[PDB]
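What follows is a pair of forms of the same protein chain, given separately as structure tokens and numbered structure 1 and structure 2.
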Structure 1
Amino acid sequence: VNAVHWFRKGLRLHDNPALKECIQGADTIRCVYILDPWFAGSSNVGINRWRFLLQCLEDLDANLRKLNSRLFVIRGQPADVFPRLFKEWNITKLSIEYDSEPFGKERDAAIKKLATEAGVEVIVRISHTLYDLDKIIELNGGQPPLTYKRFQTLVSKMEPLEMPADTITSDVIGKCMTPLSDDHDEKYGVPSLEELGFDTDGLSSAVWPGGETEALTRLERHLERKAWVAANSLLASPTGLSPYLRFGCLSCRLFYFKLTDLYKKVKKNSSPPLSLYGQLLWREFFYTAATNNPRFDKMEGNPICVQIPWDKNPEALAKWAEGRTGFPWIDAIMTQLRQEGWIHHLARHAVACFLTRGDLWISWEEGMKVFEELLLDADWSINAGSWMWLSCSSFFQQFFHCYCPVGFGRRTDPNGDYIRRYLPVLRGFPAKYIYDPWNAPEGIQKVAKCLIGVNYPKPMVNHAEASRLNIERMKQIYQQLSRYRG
């Protein structure tokens, strides 16, 4: 009797129903992770995303050691690897956390087929989401809800959640054993960035270290921060949880329970508003929206996406992605994103408006693909949905006025501390010209020691001209939608 748990997005030992269930009359357990260069999305991914994952793997491997076991890491396509392991280890039990993503469902059906024709029982448990997503679609009449508001109404009339599974502790294992071997490492060891091909020369310690251990620690500190209260910081918070939820270092269901308990004590009721779980539900809403739409991350052939005649301009996209737009507020944000791998939600909104419906008129698909490469927390469906909504290409939530790539920064902080922090070449400029440096008198640039168009780029667009233009481009689009919905 030999059992294998296959880790993908649930990189943790707490709240792992599928792992716990695999350890039932198991005799032999083996935890396995298979290296996928696509990160469950439509892109290949950069240095910060990979470092985050590897550290998730190390922590998982270290925590498994404490339980006198190991993580097994393998390169290859799942379809290739599993048939070998089946015969080689004499497998009869395989377990996974359910994946609602269309690509993941295809993959899992193919693997479940290989397993079945090898006498391998397959165990699937739902623990990446709060809810059974298919039950939510049923309550909506068979199709996923189009609007976050409808989604909220549905979840408010659902059954109370069952507690997180017992965490895998020495008792849980209960003499079930992982056979380690000679040459286990270097044959099944967690690789390093260097081993993967990256240049790690100019690389400071991660602002966002991976793994369950850091997640749990950050969760405690986050709840304490909230307990005390009942923007200067477009900057990475010590208590940020989003990358941890994305890789399952923190179980969404645990975070949910911890939130409800705190609410019950600080406040009278056992009826918190749904806003309390805004973070968890928004996430859950996009998984639900995408699960039956394999083209969720496309414009064409995506039946929830408005078809818009976006411009093509590789050079302008390139400037936007590298934060060389000539707009400090935007450049700063895209710079923090490159360096660190997280930016604030309102900052995501800012760079998305500028790229798409605001100034550049470039497809949201291009923006999405850059975020997939650089943003630690990017999830296929969440990231696509956002980019669609932000560009007025879909209807998940109300449309808002396009953010100004000058004024939004002025409202946020007029001292421009954020800007100076990520843009050194600009540090000298006074608050007067800090958002519009091209407006600096030709002598002020001499004093700042930064010439617009020499040391810092010229503004790639006449923003006001492009805004008025694009806003007309949009009017014509939504006009024609009404004419044909007629």
Structure 2
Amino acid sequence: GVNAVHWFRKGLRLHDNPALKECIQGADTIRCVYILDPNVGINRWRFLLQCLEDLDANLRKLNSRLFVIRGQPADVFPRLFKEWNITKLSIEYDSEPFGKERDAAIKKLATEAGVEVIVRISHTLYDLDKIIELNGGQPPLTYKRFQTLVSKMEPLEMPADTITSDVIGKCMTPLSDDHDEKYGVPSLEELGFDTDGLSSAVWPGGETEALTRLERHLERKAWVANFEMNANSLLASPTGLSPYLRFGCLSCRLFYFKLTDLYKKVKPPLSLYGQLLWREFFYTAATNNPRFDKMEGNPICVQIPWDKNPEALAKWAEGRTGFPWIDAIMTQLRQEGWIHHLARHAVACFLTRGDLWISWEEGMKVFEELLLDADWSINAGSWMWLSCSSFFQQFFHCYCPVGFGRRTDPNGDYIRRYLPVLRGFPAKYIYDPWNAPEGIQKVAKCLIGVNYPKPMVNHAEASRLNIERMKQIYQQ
């Protein structure tokens, strides 16, 4: 008699799920559980709930259900193991340090109850511990070294077979009459969110949406882009995949295999999988470093004397800096949950080494709240990279908070879109409205300093001083 539980955390999908697949074989019963207890904003929570709704719908097609349990894993699992006579628990492996800690605690609870624990890798292409072992026990802090080590790995695992009725076979899911009340997927309102002024999501969550986008994304790559940021790129794309990769609606391995297959048929260079390998790079760097998201106590982070300035930080996080390019980017972020990678560079440089001299830790927390694709490893890694705090990054140049926006969207339509208060300004002044004469401000029906703030710093001087201060941290 084998009674199994598969615990969803990431990997919110039925395709390429080796842990769920392995759990199901030889089992008599199976139940898939998600555990949630009622720094995450409404867009991230809405995405998660839509993922869980899609999972429950797809399990329903298999004569099963998703079980959503409200609580803490260490508090709910002991009695669950007992009630359901559980003998096997499966999880997709979590390389991140806090998830490792949580999973080690559950493993000991499982052992005490005589429960076998199955762990399989499917959030990353590679076994990250084997990369670290290859490198002598420390992760590589350069991309080229990472590539070299990966080229000595065994060829990659192919994705596992989707969970179907055939896979499930004679295994089944016992279902109680009270299932939809006791184990049902929560609502935003039940989590405490006012959904009064809530437009529908720019980024619908779920495996079904992810796989649809994946197909269209490949057609676009071959047919339209031919495998090769402008005003268009700043706006969300219907074939963008990154929030689905972060939540695990889309397998990174399935994506990788589909990309290689598409290229083979139609026509590979590393640029074909550039994005996916940077993902593995930061996970690898983070896995053995519990202070990866901190400056102090973080052995890979340069110690830099950042300022504490809650007023400036709040202006940055709420898009009230008086620099329209920065404010529009931070507005799209809060409203929609995604901004272009190069827009992230711009606002991150502004907050840290370029202008405000505020610690990268603070920007990382705002991004963790608002960015759908901001998993902990890549977010902390990127903020250290941008602030010149690790990965041997140097302060060569500083993004201009006027000129970069002006070069990406010369017309300023992006500004007019997210900062409609500035819609009346001509392109000559749209990125530096404080330089507009009062008469232009009067026709635009926007008095700078009254209806839209004046710039919070002088960029030419703040950047000059900042570059100086960073230079002198190092021996000249």
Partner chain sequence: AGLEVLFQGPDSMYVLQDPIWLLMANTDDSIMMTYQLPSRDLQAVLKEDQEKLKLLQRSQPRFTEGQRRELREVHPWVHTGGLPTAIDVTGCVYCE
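Residue 1 is the first residue of structure 1, and the numbers go on in sequence order from there. Under this definition, the rigid core comprises the largest set of C-alpha atoms superposing within 1.5 Å between the forms.
In this pair, structure 2 matches the form solved without the partner chain, whereas the other structure does not. Following superposition on the rigid core between the two structures, the residue from 239, 397, 92, 412 with a C-alpha displacement of 2 angstroms or more is 397, and no other.
We note a C-alpha movement of 0.2 Å at residue 250 between the two structures, with the rigid core held in register.
Overlaying the rigid core between the two structures leaves the Cα of residue 152 displaced by 1.5 angstrom.
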